4 protein chains.
Amino acid sequence: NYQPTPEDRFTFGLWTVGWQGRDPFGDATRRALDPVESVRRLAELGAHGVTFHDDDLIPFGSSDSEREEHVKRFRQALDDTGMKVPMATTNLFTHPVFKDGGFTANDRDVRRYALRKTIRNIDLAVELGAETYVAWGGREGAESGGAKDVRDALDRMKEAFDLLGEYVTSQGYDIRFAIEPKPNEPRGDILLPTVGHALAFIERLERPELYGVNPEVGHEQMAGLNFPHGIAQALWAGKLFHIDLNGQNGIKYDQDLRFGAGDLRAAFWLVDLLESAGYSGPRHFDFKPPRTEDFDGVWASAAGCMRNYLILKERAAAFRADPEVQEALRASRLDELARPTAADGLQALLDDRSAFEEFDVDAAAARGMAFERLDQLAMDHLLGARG
Amino acid sequence: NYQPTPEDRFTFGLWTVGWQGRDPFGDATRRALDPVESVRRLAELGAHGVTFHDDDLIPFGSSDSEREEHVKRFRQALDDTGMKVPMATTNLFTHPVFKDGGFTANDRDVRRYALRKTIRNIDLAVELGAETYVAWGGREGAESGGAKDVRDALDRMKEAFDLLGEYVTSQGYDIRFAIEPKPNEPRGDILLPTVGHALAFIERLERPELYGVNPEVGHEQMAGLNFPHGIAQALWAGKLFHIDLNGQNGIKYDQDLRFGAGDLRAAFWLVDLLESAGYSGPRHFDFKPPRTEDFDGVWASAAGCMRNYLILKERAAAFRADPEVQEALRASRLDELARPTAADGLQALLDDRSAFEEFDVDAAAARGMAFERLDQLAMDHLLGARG
Amino acid sequence: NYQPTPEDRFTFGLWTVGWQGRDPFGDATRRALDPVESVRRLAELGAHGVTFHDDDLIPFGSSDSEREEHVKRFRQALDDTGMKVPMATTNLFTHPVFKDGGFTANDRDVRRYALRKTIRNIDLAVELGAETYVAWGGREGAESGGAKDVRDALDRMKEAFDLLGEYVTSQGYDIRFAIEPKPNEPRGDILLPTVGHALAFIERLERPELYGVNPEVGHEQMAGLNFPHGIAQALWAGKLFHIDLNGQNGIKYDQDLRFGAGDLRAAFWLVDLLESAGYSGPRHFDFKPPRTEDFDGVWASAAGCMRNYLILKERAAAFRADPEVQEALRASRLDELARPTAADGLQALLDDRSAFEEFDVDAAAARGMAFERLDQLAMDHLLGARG
Amino acid sequence: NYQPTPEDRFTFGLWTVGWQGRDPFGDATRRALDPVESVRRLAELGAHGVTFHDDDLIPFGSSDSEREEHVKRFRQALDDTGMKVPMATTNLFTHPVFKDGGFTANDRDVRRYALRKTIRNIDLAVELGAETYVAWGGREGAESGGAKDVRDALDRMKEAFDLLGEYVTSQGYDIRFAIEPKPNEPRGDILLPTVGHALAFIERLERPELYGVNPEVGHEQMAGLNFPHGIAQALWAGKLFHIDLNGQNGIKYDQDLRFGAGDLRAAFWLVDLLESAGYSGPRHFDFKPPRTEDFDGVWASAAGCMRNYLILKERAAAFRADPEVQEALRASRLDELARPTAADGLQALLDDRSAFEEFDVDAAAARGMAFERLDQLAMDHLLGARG
Ligand SMILES: OC[C@H]1O[C@H](O)[C@H](O)[C@@H](O)[C@@H]1O
Ligand SMILES: OC[C@H]1O[C@H](O)[C@H](O)[C@@H](O)[C@@H]1O
Ligand SMILES: OC[C@H]1O[C@H](O)[C@H](O)[C@@H](O)[C@@H]1O
Ligand SMILES: OC[C@H]1O[C@H](O)[C@H](O)[C@@H](O)[C@@H]1O
Ligand SMILES: [Mg+2]
Ligand SMILES: [Mg+2]
Ligand SMILES: [Mg+2]
Ligand SMILES: [Mg+2]
Ligand SMILES: [Mg+2]
Ligand SMILES: [Mg+2]
Ligand SMILES: [Mg+2]
Ligand SMILES: [Mg+2]
């Protein structure tokens, strides 16, 4: 039951199942995985493809010769298996040179290096077939208020993404960028901390059509925000290029639990939205098998990601298909929300006495919204206490 | 010492000093204030002006005759005193008819009523001299996931603000709109929950130049965000039309404490930013004297708002004027943050071997940022342990 | 399906279904309910009993004659219907006289009044059959640091509960006290903010055996704490006298959603714990039907409270009864957690070389805990994707 | 100005200034420090002493010979310099064998090993002069609900601390234990998550007089709690054995900023409480110089810890010594809070008609608390805008 196949478009970062379990207070609990082995094991689980940072695939500081040997091995696992690489990204956060940022480091020479490191990996990503290039500015930010002039830092951030867009357009590459927001950790505050701030920033870039967002469930929840609502606003803007699925239990450190763990009802409403809106991009899992687990547990946690997506998809489809739920949606006037408020125009509205002068405010105030009955039908479907 | 005068542009809502102290668990502890009395008492404290909701000034349901008597009394207090009215707003949240929203209520007839109520008060605000019209969509949102289709709700929100912009432009009014974000309370989640989401939304309106943000200190802190950083992004976008100053102790209910209470260091960095960026708009206090206080305490809390702004202004000016701080800023390379990363252009950067091939990553990694010494100088200035 | 009956011991406060919907920003949306009507409607839904504050039943300031008429009406609804009154409490928070607290108000005369008001309602509660008397110190606390000397306030809090214990013991009443913690709202910080602080405080009272806790789901979640863990510690101490069930979406204002809404997985683990530990007290719902709802929605929300408890009970029972889950629990060594670490004693442990000198740390480090497979079985049972 | 001397009792963990800057997303940015060098550098800064984990001083897995060489070097730096070692603790969190806990690991053999590792370091701590032995159960907890039966885990936690108390009493050691709470990180939820839960747990131990708390500023703030209030409750119980001072900006990952950073007003009220209550224990800094810093920044951040304590001490002393503040405290009735509510006894209170029958509730309700004027005097003193 609930068996994933490549058509479900489930994808995984090399850094997810490959996380060795080193955390701020503890050493690694698992050995390093060979990327070739992860490709083959994920293929057998029913995954559609993999993603990577440059440094997940090619050890930092590798010669041009060593680099080619790592890429060739990886390509032949893709060719043998035929896993896809739909997305790639840059590691601008692990090496000590990035301790104050990549694109917004105060030192100019570090910012130039960050751009050259990124451009080198765009070339590789395009060769392997990636459609989306993600940027997570995990070191862009500050612990203290004087350390970063944020207007200048946003100028530098805009400069960097503008240069990246000039690069891809001059090369003729068919690849788009997706900014992944996070509010904090590892910096005290990170720039562009939510989906909203990232969407707003994109609108000031020279070629906004090249850029969208890669929101992550747990990151928006680290600010206590409603993740389905934020995804809805990204869809409404035409900017949901990619998505990171995982779980998070509230406002605390970034947990990266397996999808379905954490806020289960938010996961239900997210899947309902993605499916009913026809999102066609990868369902990418950015998660960490807990460091309590051995390698059997790594693969069980990865399988659980896909399983929980497939169960929630089934329950959301059943919810929307239920005639009793359609009747409830009409009783709560969700259909009236889709009608224009004033398609008759401003002048008609101003002359309409039934909209103000003769509006019966007390009758309208007395109508119940019937929202609790609707939400209990949704609870019943989620729990399988009806079909 | 630290005496406010009208040139400091301090303003107050009628609903602030006039809050009677009714909270979710308690009855009012203070009598209602006459708006005429608040104007006169604020004038004597050194305030520049007042702001209002329609329902603060004119009791809901008032006849056209009663309405004119309330406005005439209020205008003559302004004329006698000569207080300014720089901003006004609409109450689309108190009456039970708005229990599911104004602009995004599921019922169409409520949405039309909300627009007519707003338009009536724009006319009045323009008559009294307001430059900014604020919208706080406090009821726009949901407690449960099925109650609100958020893409349709954003269509309705866009429709409403587009109609407002068509109204002011057809009337020839010189007034701009400012959206005030809040993440939650009184709804479980409120639409456009942060400064970033509001900035992003504005860019999809038909006439974006008419709209900006009115951020509030405590609202962004209810999402755990860095308020000076968010203000910096609003300034960078050209959208800081107005600001609400107050205090908040972390992630919890909206406290609306007096400015300076709550996160004191964030208040210091906010004042440093506003003054050094040359913000010229009103310094508006959206605060609630705690319901423990009698009327003497109301006016003492209001005076403390202005006093704390003036003290912080002095300390921030002293910080920036200190040659030892200028030297610290150079040691942390804040001046290098303002230089373009690659004004030599993309092709020059790609051919620069000192940016990648010959970049000494380990030397760059070893440089300290000297951020702690800078932050301790800022602490010393804030505390007056140097000048 | 999932039909509640009186044997399920579901109870409701008069103030829950009777909440008129007035919040910090809005007027009431529903008329006041007659307590007699709530008793009869809850009886028909399958409730076991009701609870009350003094002021829910007898209007504040009522004469001794008026008081008796309200009590007589209420008793005859109980007698006709035969609903139980298992718990009662005092309103020490609504009236303006309590704006700085009841038991810990700075004014001594208010503290004496608070004690006399409480004692009067203990007499009534005992007459109606209550086994537990709850105290929620919602006004005990502060918005600012100088307002409350917290050591003196804890002396006064101890004095008050000691006097209450002296009163009940001198009267021969068979009633115990339960302290209900809350971290904030309506005060900036409330004293005894969590289950842990309340348990610690009880141990300094003169007769600790008379006092326990009444934890509320949403209150502990307002501090981001794990509610099942806190309930486990209260059970371990022998102090879980009563419980408030409801839902809360994270760290924000107190939502009091219907049980099952909010953190659904935490609700599953809570019901699993209560049932497997044999909790025999009332399952009390302290919830507010959202003010969007009319009276049909009030009763639907109340029915949903009980329904969700009964569904979760069924899924947790199925989880624990599944032999595949029992095998998973053994694979994760939950059975070894129940064995004493060192029943052989300190001297034996010190002389055991297999515990340190010859302990193979690397073999032990390599064992996986198999926690993810266990948690996915729990997810499958919760969702009804196995039985 | 504000120069620390050994009489100020400032202490530092070896792991604080010695933190190499490795975080969840990044490699170390600083070389390892020799403990001998930290002792000498801290002595020159004016520190009173140092603290350590076993593994900070003796590399894990060291032979008995190697162990003695590390201890001898360290002792001679203490003897030459004469720094104190007032506290020590055990590392039960870094090694992979502790991935599921030390004292509450599901595997019994790990729990026995954890106890033997702890006992070995108690012997050493007593030899070096430590008065307090801290336990931070950073791995005791869970990411998922089924992984840990919390009642059994609390039995095992009690068993372990009881065995430790039996050990120290049988040896005749003059050392007490202090439990350091933390709500989460690195586990999803940690057992005994706040000061309150730790105080409650102590009361169930066999010899409660041997155990107290070591609260940390930032840990309680990770739950949004008021740290001075929690310290007040620990003092009221007689259990504040030790304290960790640092800074934290709200609810997020554990930042361990330098003391004074983070919530500055809470730091003021904390120092006011510690000094006015006569706390005589070490002022211990558990902080991490940010990984942006080189070694000059490490020592500047450490000096700033002590400086900010000394400045806040001066401002709090000036606040309490100001006759205008004493008058404000009387106006807010802080002196009435210290009088017993009912030293005349229960029977006198019940017969006092001025406490209920003839209590003028409306006059009492009308008195203002004057809390805002008091808090603005506190703000003025903190900022040095009066003396
Ligand atoms: O490349 C982007 C990825 O980089 C890092 O691993 C982040 O932790 C993860 O959030 C993000 O998706
Ligand atoms: O008009 C806008 C104002 O309306 C309401 O009173 C809000 O509580 C306040 O945040 C806002 O500034
Ligand atoms: O009597 C105790 C009750 O009183 C109040 O209504 C509180 O809001 C609720 O939390 C509590 O259970
Ligand atoms: O030994 C106790 C110490 O151990 C760990 O380093 C903790 O991170 C710190 O909070 C604590 O004070
Ligand atoms: Mg993450
Ligand atoms: Mg991610
Ligand atoms: Mg507010
Ligand atoms: Mg506001
Ligand atoms: Mg509640
Ligand atoms: Mg309750
Ligand atoms: Mg810490
Ligand atoms: Mg600590």
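Sequence positions for chain D are given in Swiss-Prot numbering; the residues included correspond to 2-388, in order.
So how was this one determined? The header says X-ray crystallography, 1.7 Å.
Just so you know, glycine gets a Cβ as well, placed from its N, Cα and C.
Residues or ranges marked as active site in Swiss-Prot: D:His54 (among others). The secondary structure of D:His54 (active site), as reduced to three states from DSSP, is extended strand.
Residues or ranges marked as active site by Swiss-Prot on the basis of similarity to another entry: D:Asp57 (among others). A C-beta separation below 8 Å, combined with a sequence spacing of at least six in one chain, links D:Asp57 (active site) to D:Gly14, D:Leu15, D:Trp16, D:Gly19, D:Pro36, D:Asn92.
The feature Mg(2+) 1 binding site is assigned by Swiss-Prot to D:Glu181, D:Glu217, D:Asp245, D:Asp287. Under DSSP, D:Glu181 (Mg(2+) 1 binding site) is assigned to coil, being neither helix nor strand in the three-state scheme. Taking a C-beta cut-off of under 8 Å and a sequence gap of six or more, D:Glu181 (Mg(2+) 1 binding site) has these contacts in its own chain: D:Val135, D:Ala136, D:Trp137, D:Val214, D:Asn215, D:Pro216, D:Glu217, D:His220, D:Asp245.
Annotated Mg(2+) 2 binding site per Swiss-Prot: D:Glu217, D:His220, D:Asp255, D:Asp257, in sequence order. A C-beta separation below 8 Å, combined with a sequence spacing of at least six in one chain, links D:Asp255 (Mg(2+) 2 binding site) to D:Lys183, D:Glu186, D:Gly219, D:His220, D:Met223, D:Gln249.
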Around D:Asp245 (Mg(2+) 1 binding site), how many other CB atoms lie within 10 A of its CB?
26
Annotated recorded positions D:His54, D:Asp57, D:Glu181, D:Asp245, D:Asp255, filtered by Cβ under 6 Å to ligand 11:
D:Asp255
Using an 8 Å cut-off from the Cβ centroid of D:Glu181, D:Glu217, D:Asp245, D:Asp287, can you name the remaining same-chain residues around the Mg(2+) 1 site, in sequence order?
D:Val135, D:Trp137, D:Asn215, D:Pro216, D:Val218, D:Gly219, D:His220, D:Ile244, D:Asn247, D:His285
What's the CA to CA span in angstrom from D:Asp287 (Mg(2+) 1 binding site) over to D:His54 (active site)?
12
Among the binding-site residues D:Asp245, D:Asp255, D:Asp257, name every one whose Cβ is found under 6 angstroms from ligand 12, counting any of its atoms.
D:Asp245
Can you tell which of D:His54, D:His220 has the most other C-beta atoms within 10 Å, given these are the recorded positions?
D:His220
Identify which of the following recorded positions, namely D:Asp57, D:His220, D:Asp245, D:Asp255, place a Cβ less than 6 Å away from any atom of ligand 4, and list them by sequence position.
D:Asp245
Centre the Cβ atoms of D:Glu217, D:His220, D:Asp255, D:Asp257, go out 8 Å, and tell me which other residues of that chain have a Cβ in range of the Mg(2+) 2 site.
D:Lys183, D:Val218, D:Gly219, D:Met223, D:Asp245, D:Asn247, D:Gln249, D:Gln256, D:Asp287
DSSP-derived structure type at D:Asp255 (Mg(2+) 2 binding site), helix or strand or else coil:
coil
